[PDB]
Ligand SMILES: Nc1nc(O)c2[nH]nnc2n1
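What follows is one chain in structure tokens, specifically the form solved without this ligand.
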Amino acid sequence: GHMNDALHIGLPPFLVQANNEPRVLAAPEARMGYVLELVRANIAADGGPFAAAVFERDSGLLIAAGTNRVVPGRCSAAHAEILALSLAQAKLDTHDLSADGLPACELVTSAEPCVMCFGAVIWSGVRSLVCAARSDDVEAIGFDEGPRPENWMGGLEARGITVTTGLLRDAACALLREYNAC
């Protein structure tokens, strides 16, 4: 919340637990399935229907997790991706997840990123982005991706950030439709 000497975004209990419990999820769908559990927990904790987590790309070690905390956190920048990337950087002691000596990091996200989070992914040093719900799915429940540049996926790829989309899309869409209805 508001502090004179910091920007401070608190985490709800499920998300503190996510960021402190040891967890290694080797398979891509295992990583996304866990991210989807975080989506449902986040909704129960008064946040938006979006979650993300940074994993070591090869082992599947969970480094950090984030969810949308925009309304309860009074912070429009508190998208899942921003929280996950920033909490991973804090844990690993560097702004640059591609720094020498760090293993390759991947951001596994419940939905394709908005233009803000597209920029955050570029600056973060992650080497891979894996998304479930597509941009059109997000827009079709009333969330705005904003004016991304033309060929934003190619923009990531040109910078050495691989992009995969549609992973457990149907499961992510079940949670999004449930949210929208409620």
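Sequential numbering from 1, following the sequence displayed.
- Averaged over CA atoms, B-factors in the entry run higher in 141-149 than in the other of 141-149 and 25-33.
- For the pair 44-52 and 152-160, the mean B factor over Cα atoms is greater in 152-160.
- When the C-alpha B-factors of 93, 106, 81, 112 are read from the PDB record, the largest value belongs to 93.
- Sorting 77, 87, 99, 71 by the CA temperature factor given in the entry leaves 99 at the top.
- Per-chain ranking of the deposited C-alpha B factor places residue 135 in the highest third.
- Ranked against the other modelled residues of its chain, the C-alpha B-factor of residue 59 as given in the entry falls in the highest third.
The form solved in complex with this ligand exists for this protein as well; it is not shown, and the discussion that follows is about that form.
- If you check this ligand in the bound PDB entry, you find a heavy atom from every one of 81, 114 and 138 within 4.5 Å.
- Residue contact check for residue 144: one or more of its heavy atoms lie within 4.5 Å of this ligand in the bound PDB entry.
- Interface membership of residue 55, defined by any non-hydrogen atom within 4.5 Å of this ligand in the bound PDB entry, is ruled out.
- Residues of 51-73 placing a heavy atom within 4.5 Å of this ligand in the bound PDB entry: 68 alone.
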